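Here is the structure we will look at.
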Amino acid sequence: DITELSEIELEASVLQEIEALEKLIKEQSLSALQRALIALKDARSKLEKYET
Amino acid sequence: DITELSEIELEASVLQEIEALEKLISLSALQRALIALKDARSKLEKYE
């Protein structure tokens with residue numbers, strides 16, 4: 006279940022999903054939510070070539 | 006750059022992308057992102 010995850014577990018789970026999605030498709050380290058935005062944008066860009 | 010976005014701008018941007026994905030294929053934005061990433065991954069397997 007998603008809502009039972011702690012905030013830190015939710016971040017980890019998001020990152021794991023991003024890694025899987027990447028297998029398919047000054048300086049500042051990114052947070053999970055920042056990485057999620059990039060990954061969602063990448064997924065949308067690819068899907069829009071095939072769908073709707 | 007993505008790090009220039011405030012937390013509100015980041016959340017708003019994430020929900021905008023999720024909305025766009027919903028058209029193609050309670051909770052916080054990060055929870056919604058997890059759901060949307062799982063759904064997008066499942067759909068992208070046929071386009072790898």
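The listed protein sequences correspond, in order, to chains B and A. Positions 6 to 30, 47 to 73 (PDB author numbering) are the ones given, in order, by the first sequence. Positions 6 to 30, 50 to 72 (PDB author numbering) are the ones given, in order, by the second sequence. All C-beta atoms in this analysis are idealised placements derived from N, C-alpha and C, irrespective of residue type, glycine included.
Exercise. For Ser18(A) and chain B, any beta-carbon pair shorter than 8 Å?
Worked result: yes
For this session: Within its chain, find whatever has a CB closer than 8 Å to the CB of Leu10(B); leave out the 5 residues flanking it on each side and keep chain order.
Result: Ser18
For this session: At 7 Å on the CB atoms, spell out the chain A contacts of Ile23(B), in chain order.
Result: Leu61
Exercise. With 16 as the cutoff for other CB atoms within 10 Å, does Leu51(A) come out buried or exposed?
Worked result: exposed
For this session: Starting from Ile7(A), trace the alpha helix (DSSP H) both ways and give me its first and last residue.
Result: Premise fails: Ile7(A) is in no alpha helix (DSSP H) and is neither H nor E.
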